[PDB]
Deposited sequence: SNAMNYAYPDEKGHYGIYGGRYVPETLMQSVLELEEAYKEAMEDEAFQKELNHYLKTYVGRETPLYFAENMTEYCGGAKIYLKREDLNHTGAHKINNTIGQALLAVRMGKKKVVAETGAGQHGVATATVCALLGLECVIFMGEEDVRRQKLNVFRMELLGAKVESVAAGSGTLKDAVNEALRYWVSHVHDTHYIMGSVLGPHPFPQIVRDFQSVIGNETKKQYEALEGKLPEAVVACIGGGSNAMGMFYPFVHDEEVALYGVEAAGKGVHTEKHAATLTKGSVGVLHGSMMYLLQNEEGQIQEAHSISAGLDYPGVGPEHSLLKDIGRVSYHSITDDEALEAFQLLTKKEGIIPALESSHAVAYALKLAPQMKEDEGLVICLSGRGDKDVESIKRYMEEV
C-alpha cells in the first residue's frame, strides 16, 4: 500500500501512529532509548540560592539542558524515528531553520541506522556553518534550498521530497504548524517533559506546582504545558523575546533582562543557560517575589549557553 499524494501520505502516517501508540512494545522501546540514550528522566532541581534571592516561591528548574544534544527537540525526533523504523522505512527527511531540529534529526538517524536528508534555506545555511557541519558529521545530507531561500521554502521542498520518496521515507516535522497528525505526534512525544515534571514535583511537594514558566520561541513549550492543561489551578506562563484556550498568558523579556538572568543563574546556581532559557529565567525573576514561600514555580531549561566558543562570546 504505497501513497501517491500528500493526503495519502498523511493518512498512512495517521494509521501507523495509532497502531504504534497501542503497541506496548513500541512504548517500551521508546522508553528504553529515552532512558539509556537521551538520559531521561532529567532532574527537577531545587534552585535554593535563586529562591533565597527572589524571596518568594520555591524555584525549580526542569533540566532539559541535560538531555543528550543539550536540548529537548530530541524527545520528538526519537519518537518519530522509531515510528519510521516501525513503519519499515529506511530514510527520514526533515527541515530546519537555526539547526536544532536538524541536528536532533541527524542524531537519531545515526542512532537508528536511518538515512537522513535535511532541507535548509540557503540564507540559514549561510549563517549556521557549525550546525550544518554537525549534521554532516552525523551522516546527514544537507540540501541548501534557494527556491527567497527561507525556512518556508525548505519546508515545501521537504514535503515534496517526502511524497515522492514516501515508499521508504518518513518526514520528521519539528513544528506544530500542520498538517495533522504532525501537531499531535509532536505534542505527544514532547509531553514527557511536563509528565516528568508533574510526577517529580508531586513526589516532592505532594501537590501540583502553582506556576510553570517556559520560553515560547517559534510552540517550544507544548511539551511542558500540555500535561498541565487540564489542571486549571496551575498558571502557565509563556515567555517570548522582544493555545488560545486562555490557559497561557504571554510575556516579553528584553535582551537586557535576559542577560541579567543569565548572569544570576550562572553565579547563583552554577548553571550556564542558553539565551532563550535566560528569557524564561528572567520572567520567573519577576514572578517569584510576588508568590508565597509555600508556593512553587517551575522553569523549563533548554539549550546550553556554553556548548562552544561562538555561543559563549556574549
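Asks: Quick one: where does the model skip the deposited sequence?
Replies: Missing C-alpha atoms (numbering from 1) occur across the ranges 1-21, 169, 241, 266-323, 396-400.
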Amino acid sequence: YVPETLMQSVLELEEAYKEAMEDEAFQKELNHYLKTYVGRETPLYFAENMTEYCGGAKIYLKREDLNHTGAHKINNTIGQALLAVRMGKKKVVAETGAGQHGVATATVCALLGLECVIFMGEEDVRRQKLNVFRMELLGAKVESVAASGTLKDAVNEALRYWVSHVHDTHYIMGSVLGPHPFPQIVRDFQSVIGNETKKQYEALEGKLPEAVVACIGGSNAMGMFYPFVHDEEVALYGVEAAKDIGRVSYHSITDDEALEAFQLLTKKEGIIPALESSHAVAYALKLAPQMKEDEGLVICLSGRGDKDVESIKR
From here on, numbers count along this sequence of modelled residues.
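Asks: Given the B-factors recorded for C-alpha atoms, which segment has the greater mean, 99-107 or 129-137?
Replies: Higher mean C-alpha B-factor in the PDB entry: 129-137.
Asks: In the PDB record, does 163-171 or 230-238 carry the higher mean Cα temperature factor?
Replies: Stretch with the greater average CA B-factor: 230-238.
Asks: Looking at 277, 69, 249, 42, which has the highest CA B-factor as recorded?
Replies: Comparing C-alpha B-factors across 277, 69, 249, 42, the maximum falls on 249.
Asks: Which is it among 197, 150, 191, 76: the one with the largest CA B-factor in the entry?
Replies: The C-alpha B-factor peaks, among 197, 150, 191, 76, at 150.
Asks: Considering every modelled residue of the chain and its Cα B-factor in the PDB entry, is residue 156 in the lowest, middle or highest third?
Replies: Highest third, going by the recorded CA B-factors of the chain.
Asks: Using the temperature factors of the C-alpha atoms in this entry, rank residue 254 within its chain: lowest, middle or highest third.
Replies: Top third by C-alpha B-factor.
Asks: Can you tell me which third, lowest, middle or highest, the CA B-factor of residue 121 falls into for its chain?
Replies: Highest third.
Asks: Going by the CA temperature factor in the PDB record, which third of the chain does residue 113 belong to: lowest, middle or highest?
Replies: It falls in the bottom third of the chain.
Asks: Looking at the temperature factor on the CA atom of residue 220, which third of the chain's modelled residues does it land in?
Replies: CA B-factor rank for residue 220: highest third.
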